[PDB]
Amino acid sequence: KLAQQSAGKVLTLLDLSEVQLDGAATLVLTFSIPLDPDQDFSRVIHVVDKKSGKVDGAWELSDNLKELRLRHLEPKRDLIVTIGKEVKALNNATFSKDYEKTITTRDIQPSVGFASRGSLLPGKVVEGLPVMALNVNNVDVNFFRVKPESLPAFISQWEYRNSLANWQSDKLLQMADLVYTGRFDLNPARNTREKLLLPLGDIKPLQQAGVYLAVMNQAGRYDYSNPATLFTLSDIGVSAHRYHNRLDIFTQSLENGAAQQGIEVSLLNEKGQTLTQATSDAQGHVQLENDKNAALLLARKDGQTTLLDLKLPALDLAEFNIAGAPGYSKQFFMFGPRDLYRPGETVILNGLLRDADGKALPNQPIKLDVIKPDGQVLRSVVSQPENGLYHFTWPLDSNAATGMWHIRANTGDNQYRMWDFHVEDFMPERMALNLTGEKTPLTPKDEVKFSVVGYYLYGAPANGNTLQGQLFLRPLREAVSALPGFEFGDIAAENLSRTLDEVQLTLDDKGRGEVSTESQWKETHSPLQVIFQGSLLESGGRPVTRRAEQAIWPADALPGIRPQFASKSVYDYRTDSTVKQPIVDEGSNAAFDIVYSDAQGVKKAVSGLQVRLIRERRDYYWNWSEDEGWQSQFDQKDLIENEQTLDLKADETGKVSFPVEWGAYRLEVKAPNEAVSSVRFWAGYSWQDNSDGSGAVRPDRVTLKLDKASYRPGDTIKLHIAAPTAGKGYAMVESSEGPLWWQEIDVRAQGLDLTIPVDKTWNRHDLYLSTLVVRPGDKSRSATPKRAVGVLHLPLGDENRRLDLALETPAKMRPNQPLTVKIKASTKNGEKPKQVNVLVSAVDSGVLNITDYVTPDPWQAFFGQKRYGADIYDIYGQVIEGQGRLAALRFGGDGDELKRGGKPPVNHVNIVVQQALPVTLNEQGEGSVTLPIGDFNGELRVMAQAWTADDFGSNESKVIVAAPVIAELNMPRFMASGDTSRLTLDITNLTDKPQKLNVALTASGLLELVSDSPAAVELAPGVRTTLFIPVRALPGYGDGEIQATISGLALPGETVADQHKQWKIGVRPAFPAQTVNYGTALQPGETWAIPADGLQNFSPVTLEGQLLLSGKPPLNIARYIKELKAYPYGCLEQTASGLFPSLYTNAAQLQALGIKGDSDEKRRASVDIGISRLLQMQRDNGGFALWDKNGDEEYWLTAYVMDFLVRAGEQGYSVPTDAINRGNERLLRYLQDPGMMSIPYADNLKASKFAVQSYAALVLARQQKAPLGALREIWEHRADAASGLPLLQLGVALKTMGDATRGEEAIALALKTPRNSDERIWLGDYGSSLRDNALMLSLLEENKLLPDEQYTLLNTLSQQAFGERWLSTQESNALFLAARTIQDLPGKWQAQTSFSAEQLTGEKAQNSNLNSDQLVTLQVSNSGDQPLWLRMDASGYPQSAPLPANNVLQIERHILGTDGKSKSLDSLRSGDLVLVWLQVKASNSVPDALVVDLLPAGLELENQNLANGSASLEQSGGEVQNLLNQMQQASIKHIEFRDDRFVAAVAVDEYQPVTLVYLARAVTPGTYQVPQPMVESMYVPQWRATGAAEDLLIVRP
């Protein structure tokens, strides 16, 4: 037998060692060859203990006969093993001599303990209590019964403490009580572990229901692995599950699991009150309509009782696939072009409401709300369905916070439909980078290589710059662009996709670098590519990412396969993303196109091609694990099905047709040069994904199976129950509104196949099969779970409902050309696409890739799987854990670092996106859509949704776009007037042939070329060049632009127009605009004339003026309008004050003043976006803040914004109710609780609180929401007022509420209490005597109060208003309302102006515009018989810098080096870093100070806040560090880093001068004017300063 194989082999004792065979220690002798069984081993192999003598026990040969054994060794005993010479092997081999081994047995101490630390699953006393034992004759045990009142705590304490074996403690024992104790005798086999079972049936207390805790006494030398254990023991039980407002109890006897009738079930709450009660039916079911606050169930029958804690968590179902949408009711589809966005971008959204079955429903409004990341609403709108398609479209504010924005929707079911969409800004690049590869594909033997070239845009090499990147290897299935749809390479090939190495290198002085890697695929039979995702890091660490593919062809020509059959968009939950994959009907032939094309795309002749049709197969099998648990493993196997020998000819496309059975398939073809190419395709709709258990059996429970992948109401289901063990229970199709099937008893043995007839009325996708069974085993042999549950989704959505959309777009297209998209809806058998609607759109792939955005699928949106509608609960043993469902991963979240870096200084990035209006397909289902693509270079993803009534569809297709030639100008973001700049026009030739370009440069607007346009420009392929374009900015504010028209190109076989690019940039004058404001009343015969010296400074090109004339004193509303409009900064008060003129003016009224402006629709839209801008500033408490939502509340400004919002609501503009409500609550808080307010900068707190209370009283009184008692209490403290304005507002507030007497007293007192003239006294009301007189004037005229005083107040206000040189936005607004009050005041007048021959005349005030020529010689005489008031407001930009000056405020600027030494502005090199040092002082406190420092052009701001200490370098100290420390002490209210200026709101202290610091970098070479540093109080304009500055700044290359 075995002796033959062992023949000729010498016998040898290979080993002698103790091993733990079974539970026993065992001596083992391992011989080299098998032994003879017949021999008496006791005669030949002695074993003698040194003390106790010869050891008992016969030897036991191994089945392999090479291992002798001796069980039940004594612990820690010395042993002498004498092996005899005469021992015989099966081949009659024998030892040459006797051997004497010695061995000391391991010191194995006796052990005893419970088999487990415990479990919550109920058992029976007959089952006994398991106990592992080893060499232990006894074990004392102390039983305990936990107090039910302490039960919830004890078990909780049992949960986190059970990790260690000795979890028992006195604190735990005190919550329990002793019931029995005593020693249990044991007789395990000697030196052998055994699972003994402690009897429990003679213990009387154990007969009673309850949880129990056994605790072994640890006396003696015995080891104790598990001293304590827990076990529940109870009788009657209940099982149930709820569906929102409904629940279905199932009572049953625990002895058999059979359903019991007549049990009474009460619904107790947390208070224990009985909300309801019901008796079980014959099937034991007890339906009840309980919603939330369900707590306890109380079953009772024949004295038996059982409670169920509903408050306990529902049984975990993570192992089950219960995931899905929660829209069981009406389904509002919400979809858009992209989930990613930028601040200032126009978010777009589309909606499609449908029923649960996806059927059409009558049109209804839907309330959309735009939530912010803080959770506060931004805006709310009542969306409407035009032609059955909802379409939101709103513009994000530039200042809007970055984060996870979402737009909730309300269909009226009060279940909001969240729609998350990313909103993040991006920093502009500042370094060019290039990663050139090879055009011709590499051989597999060839080393991969890439050339890197990076350089600064301002004109320097990236010397020493870090370059970090990654190298990826990917299959090149689409190696031939000339033959789209064809696939190349073996799909069956393994390791075609893996990371190579992490590139990281330093560029040389030239900035050049190389990236090379050795080939690791020399034996490849398939095309491959090595992507190089490099990144050129800045000194600040910001990287310029770039990619560079490199084709790798195994041979000069390769086989290529195409699938003619359409790829239907099968859904997959594995990626939560519908995607089209190739497929074909079972039993049908599969066509395929075959080619032998090269890289050029021309087809080469070939013969002997090996076209095989491999048939893929898979076999699932479950597998338990420790670190992984149970898993759904599967084995794959390939089997050849058929073979063919194709012989392609030159310029020919072969067409094979292989018949197909079912399941996964793979068609391969092998070229003679060992090239291989293959394409997988599935014969069934039941597509399988990786790590997806399409058909496998999980341990225990019920692995339900369906005979069909999908079902219809006319279809009959046949579920296959397969419980591990026999047990009664139930099965049913549960739904969100409740179960379909009710009772359904089941008694599985080793599997059962019940038939399920689906009803026709089931128009829902939320249906879910469910099963339960329980084993009544008297003795729990091999453990085995008692309860078992099986949930499975039931498919129902028909395939026919899907539309076969078929987009047709070119694979490639030129930039600035209109892409065409052909639509073709269809369906099998039907082929009747009636009135189909399609919504074509296109988005850049580089935007969608950041979030891996999926094309929306309406079919999945409606017919897709819904989430489980029930919540399981039962007293049976708790589910293990299930470890949770498997989860996908990418690379985590993004967009956090930019927040750390601060807000970007207005990026110029171009986000390509398009969405054409929805179109109706014709009778053939054919359609077309033309999208006008702009100047863009990259892949462009096209997407298209389609819909009718119940039919739905979706499709997508890539469209590459590439320009023949690249042309990128590099210019400063802005240019000051008179500045010169050296532009650099980059030009790249990516074409394979040289070009002779002709660049006709041109300029327009406030810009002018210095040099003549360049002549011919030769350009070799792959070569970039840089034209130099000197330029100069024309004087005055406005826009400038540079056009370029490259000509030539000369592309064979393709006519094309010459390139046309344009570059527009702003032109802001280096100095602030100056104004003159004359005004006087003329007696008849008198003549006024403008002083000659008043216009000497203004440049004629920028100068402009206005001349008002009236028979009564006037106000120049046009000036207030122009000033409110001209203000740039976005703080709240300035925003509202700038919003009022838009609110009360109209295009006719505006044109009448001679002012030019936007159309009324655009104006109202500006009012809307402005209201959103105001809502952006709102605090969470409903208050408002001056600069940011996180800032301190501004009460008076809160009432101000409340006033503008209310009056805007009076104008019909929409505002959210929640904001007005919270703000009214804030004003009411201002009225009822004055003392909570905090106004630290106020000198007179009582006057401030009185002003806030009064203005809030007015804003509330206008809404009729102000209580009379609060107004009276405020009236009691009338003395507190420091101005008459609050008294007047309080008087209107009193008179409005019917307290006419106190209100009349207040209005009377208000005109008799002038505001203090001392500007130093800060009230915090943002007011002045001018603003107060104007606002009081408007308040008087609006309520028709005291007409006699209105005239004197008007004459005074008119006398004081015109003469001011500077005005706060608040004063400009109050003067605007005051002028609006008097715009139609009668007053005849005549005049004889110098600019007109005809006499002027008017029944009312008139404002004629004037040019500078009219202004220089202006002269107005009063030809009338009555006095003639006149005003003259001119403005313009000075030709030269005004002399530096100061009033209260003081400021000075000091340019510095990075090392902190002084640095002259002249002879500044390009790319130089500089540290600007602003310094501010004041003779008085200036809480509302604003520091403005306009940048000279050629200097560009670094977007870093030095106050936070962030900087390009921290290594420097001394001169720089103390400055940063001083900036740290500054009370900065706000800061900004605009392209043209540095801004910093601050609260200057008289004894603590401010020290502002900021980085800047020279970029573009040229001469530049240098703006003077400026600082000014925002509401006390007279307090202001402008310091000295150098005349020029000469940047150099």
# chains A, B, ... in the order shown; residues from 1 in each chain; ligands from 1
>>> residues_around(residues="region 1158-1175 of chain A", least_positions_apart="5", cutoff="7 Å", atoms="only C-alpha atoms", output="PyMOL selection string")
chain A and resi 378-379+1132+1139+1142-1143+1146-1147
>>> residues_around(residues="region 639-646 of chain A", least_positions_apart="4", cutoff="12 Å", atoms="only C-alpha atoms", output="VMD selection string")
chain A and resid 559 593 to 596 605 to 618 652 to 662 664 to 672
>>> residues_around(residues="residue 1018 (chain A)", least_positions_apart="3", cutoff="7 Å", atoms="only C-alpha atoms", output="ChimeraX atom specification")
/A:995-997
>>> closest_residue(among="A:1400, A:1557, A:721, A:1497", to="residue 1571 (chain A)", atoms="only C-alpha atoms")
A:1497
>>> atom_distance(atom1="CA of residue 80 (chain A)", atom2="CA of residue 49 (chain A)")
6.1 Å
>>> residues_around(residues="residue 402 (chain A)", least_positions_apart="4", cutoff="8 Å", atoms="only C-alpha atoms", output="mmCIF file with C-alpha atoms, in the first residue's frame")
data_model
loop_
_atom_site.group_PDB
_atom_site.id
_atom_site.type_symbol
_atom_site.label_atom_id
_atom_site.label_comp_id
_atom_site.auth_asym_id
_atom_site.auth_seq_id
_atom_site.Cartn_x
_atom_site.Cartn_y
_atom_site.Cartn_z
ATOM 1 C CA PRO A 343 -19.987 82.612 -5.304
ATOM 2 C CA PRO A 373 -25.018 76.576 5.551
ATOM 3 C CA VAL A 423 -20.642 76.304 -3.171
ATOM 4 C CA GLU A 424 -16.900 77.043 -3.070
ATOM 5 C CA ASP A 425 -14.619 79.725 -4.545
ATOM 6 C CA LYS A 899 -11.613 78.926 3.921
#
>>> residues_around(residues="residue 13 (chain A)", least_positions_apart="3", cutoff="7 Å", atoms="only C-alpha atoms", output="ChimeraX atom specification")
/A:30-32
>>> select_by_dssp(residues="region 23-224 of chain A", states="alpha helix (DSSP H)", output="PyMOL selection string")
chain A and resi 41-44+151-161+170-173
>>> write_last_selection(atoms="N, CA and C atoms", output="PDB file, in the first residue's frame")
ATOM      1  N   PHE A  41       3.382  -0.885  20.165  1.00  0.00           N
ATOM      2  CA  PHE A  41       4.223   0.275  20.443  1.00  0.00           C
ATOM      3  C   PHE A  41       4.682   0.357  21.897  1.00  0.00           C
ATOM      4  N   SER A  42       3.898  -0.212  22.807  1.00  0.00           N
ATOM      5  CA  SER A  42       4.259  -0.206  24.221  1.00  0.00           C
ATOM      6  C   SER A  42       5.538  -1.000  24.468  1.00  0.00           C
ATOM      7  N   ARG A  43       5.736  -2.051  23.677  1.00  0.00           N
ATOM      8  CA  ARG A  43       6.946  -2.863  23.760  1.00  0.00           C
ATOM      9  C   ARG A  43       8.196  -2.109  23.311  1.00  0.00           C
ATOM     10  N   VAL A  44       8.023  -1.152  22.403  1.00  0.00           N
ATOM     11  CA  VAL A  44       9.167  -0.525  21.750  1.00  0.00           C
ATOM     12  C   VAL A  44       9.407   0.933  22.152  1.00  0.00           C
ATOM     13  N   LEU A 151     -33.299  47.635  35.757  1.00  0.00           N
ATOM     14  CA  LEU A 151     -32.949  46.873  34.556  1.00  0.00           C
ATOM     15  C   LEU A 151     -32.371  47.717  33.404  1.00  0.00           C
ATOM     16  N   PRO A 152     -33.026  48.842  33.035  1.00  0.00           N
ATOM     17  CA  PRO A 152     -32.448  49.632  31.939  1.00  0.00           C
ATOM     18  C   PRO A 152     -31.028  50.124  32.212  1.00  0.00           C
ATOM     19  N   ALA A 153     -30.719  50.414  33.472  1.00  0.00           N
ATOM     20  CA  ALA A 153     -29.391  50.889  33.833  1.00  0.00           C
ATOM     21  C   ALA A 153     -28.383  49.747  33.855  1.00  0.00           C
ATOM     22  N   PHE A 154     -28.761  48.648  34.506  1.00  0.00           N
ATOM     23  CA  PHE A 154     -27.860  47.519  34.705  1.00  0.00           C
ATOM     24  C   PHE A 154     -27.342  46.997  33.376  1.00  0.00           C
ATOM     25  N   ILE A 155     -28.262  46.738  32.451  1.00  0.00           N
ATOM     26  CA  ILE A 155     -27.890  46.227  31.142  1.00  0.00           C
ATOM     27  C   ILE A 155     -27.002  47.240  30.434  1.00  0.00           C
ATOM     28  N   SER A 156     -27.287  48.522  30.640  1.00  0.00           N
ATOM     29  CA  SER A 156     -26.471  49.559  30.032  1.00  0.00           C
ATOM     30  C   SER A 156     -25.077  49.477  30.623  1.00  0.00           C
ATOM     31  N   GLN A 157     -25.017  49.305  31.940  1.00  0.00           N
ATOM     32  CA  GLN A 157     -23.741  49.163  32.617  1.00  0.00           C
ATOM     33  C   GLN A 157     -23.094  47.855  32.191  1.00  0.00           C
ATOM     34  N   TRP A 158     -23.924  46.889  31.809  1.00  0.00           N
ATOM     35  CA  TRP A 158     -23.420  45.614  31.321  1.00  0.00           C
ATOM     36  C   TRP A 158     -22.826  45.749  29.922  1.00  0.00           C
ATOM     37  N   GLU A 159     -23.213  46.797  29.201  1.00  0.00           N
ATOM     38  CA  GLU A 159     -22.810  46.916  27.802  1.00  0.00           C
ATOM     39  C   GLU A 159     -21.357  47.350  27.615  1.00  0.00           C
ATOM     40  N   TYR A 160     -20.942  48.404  28.308  1.00  0.00           N
ATOM     41  CA  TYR A 160     -19.577  48.900  28.158  1.00  0.00           C
ATOM     42  C   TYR A 160     -18.583  48.202  29.083  1.00  0.00           C
ATOM     43  N   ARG A 161     -19.091  47.396  30.010  1.00  0.00           N
ATOM     44  CA  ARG A 161     -18.233  46.739  30.994  1.00  0.00           C
ATOM     45  C   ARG A 161     -17.953  45.273  30.651  1.00  0.00           C
ATOM     46  N   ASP A 170     -19.716  45.289  42.886  1.00  0.00           N
ATOM     47  CA  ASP A 170     -20.681  45.528  43.955  1.00  0.00           C
ATOM     48  C   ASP A 170     -21.744  46.540  43.537  1.00  0.00           C
ATOM     49  N   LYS A 171     -21.351  47.501  42.705  1.00  0.00           N
ATOM     50  CA  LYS A 171     -22.289  48.482  42.171  1.00  0.00           C
ATOM     51  C   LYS A 171     -23.295  47.826  41.233  1.00  0.00           C
ATOM     52  N   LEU A 172     -22.878  46.744  40.584  1.00  0.00           N
ATOM     53  CA  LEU A 172     -23.777  45.979  39.732  1.00  0.00           C
ATOM     54  C   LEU A 172     -24.622  45.013  40.555  1.00  0.00           C
ATOM     55  N   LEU A 173     -23.998  44.402  41.558  1.00  0.00           N
ATOM     56  CA  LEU A 173     -24.682  43.440  42.415  1.00  0.00           C
ATOM     57  C   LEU A 173     -25.767  44.086  43.273  1.00  0.00           C
TER      58      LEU A 173
END
>>> residues_around(residues="residue 729 (chain A)", least_positions_apart="3", cutoff="8 Å", atoms="only C-alpha atoms", output="MDAnalysis selection string")
chainID A and resid 257:258 744:747 771:774
>>> select_by_dssp(residues="region 1254-1497 of chain A", states="strand (DSSP E)", output="PyMOL selection string")
chain A and resi 1389-1393+1400-1402+1406-1411+1419-1421+1428-1436+1445-1447+1449-1456+1468-1469+1473-1482+1486-1494
>>> atom_distance(atom1="CA of residue 263 (chain A)", atom2="CA of residue 742 (chain A)")
17.9 Å
>>> residues_around(residues="region 441-454 of chain A", least_positions_apart="5", cutoff="10 Å", atoms="only C-alpha atoms", output="PyMOL selection string")
chain A and resi 431-436+460-463+465+467+479+507-508+510-530+532+534-537+544+548-556+599
>>> write_last_selection(atoms="C-alpha atoms", output="mmCIF file, in the first residue's frame")
data_model
loop_
_atom_site.group_PDB
_atom_site.id
_atom_site.type_symbol
_atom_site.label_atom_id
_atom_site.label_comp_id
_atom_site.auth_asym_id
_atom_site.auth_seq_id
_atom_site.Cartn_x
_atom_site.Cartn_y
_atom_site.Cartn_z
ATOM 1 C CA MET A 431 2.318 80.084 -12.522
ATOM 2 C CA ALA A 432 2.361 78.521 -15.986
ATOM 3 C CA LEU A 433 3.162 74.810 -16.265
ATOM 4 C CA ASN A 434 3.676 72.348 -19.120
ATOM 5 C CA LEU A 435 3.998 68.557 -19.151
ATOM 6 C CA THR A 436 4.896 67.589 -22.719
ATOM 7 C CA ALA A 460 10.581 84.498 -14.452
ATOM 8 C CA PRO A 461 11.567 80.792 -14.452
ATOM 9 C CA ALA A 462 10.231 78.648 -11.606
ATOM 10 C CA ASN A 463 13.698 78.152 -10.127
ATOM 11 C CA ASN A 465 9.998 75.336 -7.182
ATOM 12 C CA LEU A 467 6.845 69.729 -8.282
ATOM 13 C CA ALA A 479 -6.673 54.386 -28.334
ATOM 14 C CA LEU A 507 13.076 72.378 -10.983
ATOM 15 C CA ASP A 508 16.463 73.701 -12.117
ATOM 16 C CA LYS A 510 15.828 77.143 -16.083
ATOM 17 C CA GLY A 511 12.722 75.749 -14.395
ATOM 18 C CA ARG A 512 12.959 72.614 -16.529
ATOM 19 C CA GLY A 513 12.504 69.102 -15.151
ATOM 20 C CA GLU A 514 12.018 65.478 -16.191
ATOM 21 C CA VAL A 515 9.724 62.687 -14.983
ATOM 22 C CA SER A 516 10.708 59.156 -15.991
ATOM 23 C CA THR A 517 9.748 55.649 -14.867
ATOM 24 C CA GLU A 518 10.868 52.165 -15.912
ATOM 25 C CA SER A 519 8.376 49.989 -17.772
ATOM 26 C CA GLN A 520 6.578 47.382 -15.665
ATOM 27 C CA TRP A 521 4.426 45.961 -18.457
ATOM 28 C CA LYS A 522 6.886 44.681 -21.063
ATOM 29 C CA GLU A 523 4.754 41.577 -21.631
ATOM 30 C CA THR A 524 1.487 43.479 -22.132
ATOM 31 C CA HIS A 525 -0.708 42.437 -25.056
ATOM 32 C CA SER A 526 -2.914 45.506 -24.717
ATOM 33 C CA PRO A 527 -2.643 49.292 -25.228
ATOM 34 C CA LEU A 528 -1.970 51.298 -22.063
ATOM 35 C CA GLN A 529 -1.499 54.880 -20.888
ATOM 36 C CA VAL A 530 0.465 56.540 -18.090
ATOM 37 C CA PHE A 532 0.814 62.102 -14.940
ATOM 38 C CA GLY A 534 1.608 66.712 -11.688
ATOM 39 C CA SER A 535 1.368 69.913 -9.666
ATOM 40 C CA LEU A 536 3.694 72.916 -9.581
ATOM 41 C CA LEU A 537 3.731 74.116 -5.970
ATOM 42 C CA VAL A 544 -0.739 74.352 -10.289
ATOM 43 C CA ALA A 548 -0.339 64.461 -19.174
ATOM 44 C CA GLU A 549 -1.406 61.188 -20.813
ATOM 45 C CA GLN A 550 1.081 58.949 -22.636
ATOM 46 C CA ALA A 551 -0.123 56.277 -25.071
ATOM 47 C CA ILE A 552 1.641 52.899 -25.036
ATOM 48 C CA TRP A 553 0.958 50.590 -27.991
ATOM 49 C CA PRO A 554 2.248 46.978 -27.820
ATOM 50 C CA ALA A 555 2.318 46.885 -31.633
ATOM 51 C CA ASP A 556 2.098 49.162 -34.681
ATOM 52 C CA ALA A 599 -2.761 55.053 -34.257
#
>>> atom_distance(atom1="CA of residue 1019 (chain A)", atom2="CA of residue 991 (chain A)")
10.0 Å
>>> closest_residue(among="A:422, A:828, A:718, A:1112", to="residue 340 (chain A)", atoms="only C-alpha atoms")
A:422
>>> decode(residues="region 428-442 of chain A", atoms="N, CA, C and O atoms", output="mmCIF file, in the first residue's frame")
data_model
loop_
_atom_site.group_PDB
_atom_site.id
_atom_site.type_symbol
_atom_site.label_atom_id
_atom_site.label_comp_id
_atom_site.auth_asym_id
_atom_site.auth_seq_id
_atom_site.Cartn_x
_atom_site.Cartn_y
_atom_site.Cartn_z
ATOM 1 N N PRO A 428 -7.150 82.010 -8.168
ATOM 2 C CA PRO A 428 -6.520 82.104 -9.491
ATOM 3 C C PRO A 428 -5.092 81.561 -9.504
ATOM 4 O O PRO A 428 -4.370 81.710 -8.516
ATOM 5 N N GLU A 429 -4.695 80.940 -10.610
ATOM 6 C CA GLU A 429 -3.326 80.463 -10.772
ATOM 7 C C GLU A 429 -2.373 81.623 -11.050
ATOM 8 O O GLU A 429 -2.771 82.637 -11.623
ATOM 9 N N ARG A 430 -1.116 81.470 -10.644
ATOM 10 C CA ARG A 430 -0.116 82.511 -10.865
ATOM 11 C C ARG A 430 1.186 81.953 -11.441
ATOM 12 O O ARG A 430 2.198 82.651 -11.483
ATOM 13 N N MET A 431 1.154 80.699 -11.884
ATOM 14 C CA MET A 431 2.318 80.084 -12.522
ATOM 15 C C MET A 431 1.924 79.174 -13.680
ATOM 16 O O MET A 431 1.076 78.294 -13.533
ATOM 17 N N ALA A 432 2.543 79.398 -14.835
ATOM 18 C CA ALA A 432 2.361 78.521 -15.986
ATOM 19 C C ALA A 432 3.120 77.210 -15.809
ATOM 20 O O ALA A 432 4.203 77.180 -15.216
ATOM 21 N N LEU A 433 2.558 76.135 -16.353
ATOM 22 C CA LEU A 433 3.162 74.810 -16.265
ATOM 23 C C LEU A 433 2.869 74.005 -17.528
ATOM 24 O O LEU A 433 1.794 74.125 -18.117
ATOM 25 N N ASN A 434 3.829 73.182 -17.936
ATOM 26 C CA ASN A 434 3.676 72.348 -19.120
ATOM 27 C C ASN A 434 4.277 70.965 -18.897
ATOM 28 O O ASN A 434 5.365 70.836 -18.335
ATOM 29 N N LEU A 435 3.569 69.937 -19.352
ATOM 30 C CA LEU A 435 3.998 68.557 -19.151
ATOM 31 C C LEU A 435 3.990 67.794 -20.470
ATOM 32 O O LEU A 435 3.187 66.880 -20.660
ATOM 33 N N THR A 436 4.877 68.179 -21.382
ATOM 34 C CA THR A 436 4.896 67.589 -22.719
ATOM 35 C C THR A 436 5.301 66.115 -22.694
ATOM 36 O O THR A 436 6.207 65.720 -21.959
ATOM 37 N N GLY A 437 4.617 65.310 -23.503
ATOM 38 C CA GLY A 437 4.938 63.903 -23.654
ATOM 39 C C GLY A 437 5.366 63.575 -25.073
ATOM 40 O O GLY A 437 5.922 64.422 -25.772
ATOM 41 N N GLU A 438 5.114 62.340 -25.497
ATOM 42 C CA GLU A 438 5.396 61.928 -26.868
ATOM 43 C C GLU A 438 4.107 61.712 -27.659
ATOM 44 O O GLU A 438 3.152 61.124 -27.152
ATOM 45 N N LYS A 439 4.085 62.191 -28.900
ATOM 46 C CA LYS A 439 2.921 62.022 -29.765
ATOM 47 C C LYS A 439 2.715 60.562 -30.161
ATOM 48 O O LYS A 439 1.611 60.030 -30.052
ATOM 49 N N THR A 440 3.785 59.922 -30.619
ATOM 50 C CA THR A 440 3.739 58.511 -30.986
ATOM 51 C C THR A 440 3.708 57.633 -29.742
ATOM 52 O O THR A 440 4.470 57.862 -28.801
ATOM 53 N N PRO A 441 2.819 56.627 -29.726
ATOM 54 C CA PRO A 441 2.734 55.716 -28.579
ATOM 55 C C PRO A 441 4.037 54.958 -28.344
ATOM 56 O O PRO A 441 4.714 54.577 -29.300
ATOM 57 N N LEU A 442 4.377 54.744 -27.077
ATOM 58 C CA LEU A 442 5.589 54.021 -26.713
ATOM 59 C C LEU A 442 5.422 52.509 -26.841
ATOM 60 O O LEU A 442 4.318 51.983 -26.701
#
